[PDB]
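Structure, as structure tokens:
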Amino acid sequence: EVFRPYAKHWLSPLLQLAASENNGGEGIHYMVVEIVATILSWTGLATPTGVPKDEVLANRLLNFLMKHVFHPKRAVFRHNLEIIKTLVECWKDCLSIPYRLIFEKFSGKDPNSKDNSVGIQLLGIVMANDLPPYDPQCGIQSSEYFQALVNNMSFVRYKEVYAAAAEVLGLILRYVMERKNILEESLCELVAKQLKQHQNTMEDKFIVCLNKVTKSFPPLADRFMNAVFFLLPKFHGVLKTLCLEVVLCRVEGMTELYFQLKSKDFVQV
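Here the sequence shown is numbered in the working numbering, starting from 29 and rising by one per residue.
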């Protein structure tokens, strides 16, 4: 409260101490956690984008944050992602997005692990405010950048990679087709191709992926819902709720639909 009125010129030095590498402890440690839990309780009175030095310090802050958010045990990991989410929902204006570093997380070709996931959850964090990935500035060669992201659904060992992956590609398609873009169909037919290849050996993976996409971008199901009509008696149990939920996704555009739901024996289910 000594610093609650007098806070407007009190954001640079603590962020220097925070985002500096030498900080008395590695990782997102207790000092920088209480720094961010302090400074984010300054809404309205304080704003960082009035100087570009605070912008590059905020980029350095979130960059070092990105360098250290794994921390194997679960509760502090969710705490790390909570700190990330709070920063990019409070400040989020001078924090012009550092891409070209999430590629280093989700581009890990080891198809027997779960190390790739942190970049995907971060990708959901940065995206589902408003913001699109693949800025023109980051030199990633877009096809590779999106191909390595969309390959993540054959990673069928842990759910934490591919469930989150399909769930954020739904958000990708939703944001890139609410407003216009050239780069839409290059990814839409890409994720269509990925589902087209993965759909034929493992079916529950296909149906969970389609469920997660239809959470945010509906109409991709129509080119598979006829095959979901094909496999409507092929599942029984926990998968069936998601099986019927992808049906619920596309009903209002549909026309006949009751002959098919009838012919797959609606009364007993």
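Don't be surprised by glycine CBs; every beta carbon is placed ideally from N, CA and C.
task: Would you kindly report the start and end of the unbroken alpha helix (DSSP H) that includes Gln149?
output: 145-155
task: Indicate whether the contact test is met: 3 or more Cβ pairs, each with one atom in the stretch 166-178 and one in the stretch 202-210, closer than 8 Å.
output: no
Beta bridge counterpart(s) of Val184 as assigned by DSSP: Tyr186
message: Just to confirm, is the Cβ distance from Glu213 to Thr242 under 9 Å?
response: no
task: Assuming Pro76 and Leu45 form a contact by the criterion Cβ under 8 Å, report the distance between their Cβ atoms to the nearest whole angstrom.
output: With 8 Å as the limit, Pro76 and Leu45 do not qualify as a contact, their Cβ atoms being about 16 Å apart.
message: Helix, strand or coil for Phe174? Go by DSSP, reduced to three states.
response: helix
Neighbourhood of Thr114 by C-beta, 6 Å cutoff - its chain only, sequence neighbours within 5 removed: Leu68
- request: Note down the Cα distance separating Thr71 from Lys36, rounded to an integer number of angstroms.
  value: 11 Å
message: When you compare the stretch 253-261 with the stretch 274-294, are there three or more beta-carbon pairs, one atom per stretch, that lie closer than 8 Å?
response: yes
query: If you pair each beta-carbon of the stretch 88-103 with each one of the stretch 153-162, do three or more pairs fall below 8 Å?
result: no
query: Mind checking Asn228: buried by the 16 CB within 10 Å criterion, or exposed?
result: exposed
query: Would residue 303 be called buried (16 or more neighbouring beta carbons within 10 Å of its own) or exposed?
result: Nothing can be reported for residue 303: it is not among the residues displayed for the chain, which extend from 29 to 297.
Three-way DSSP call (helix, strand, coil) for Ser124 in this model: coil
- prompt: Can you tell me whether DSSP reads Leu115 as helix, strand or coil?
  reply: helix
message: Quick check on the burial criterion: 16 or more other C-beta atoms within 10 angstroms. Buried or exposed for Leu123?
response: buried
message: In this structure, how does DSSP classify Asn108 when only helix, strand and coil are distinguished?
response: helix
message: Using a Cβ-Cβ cutoff of less than 6 Å, which residues in the same chain neighbour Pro126 once the five nearest sequence positions on both sides are dropped?
response: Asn87, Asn91
- prompt: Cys237 lies in the alpha helix (DSSP H); which residues open and close that run?
  reply: 231-244
- prompt: Cα separation between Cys216 and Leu73?
  reply: 43 Å
message: Assuming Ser145 and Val189 are in contact, meaning their beta carbons sit under 8 Å apart, how far apart are those beta carbons, in whole angstroms?
response: 5 Å
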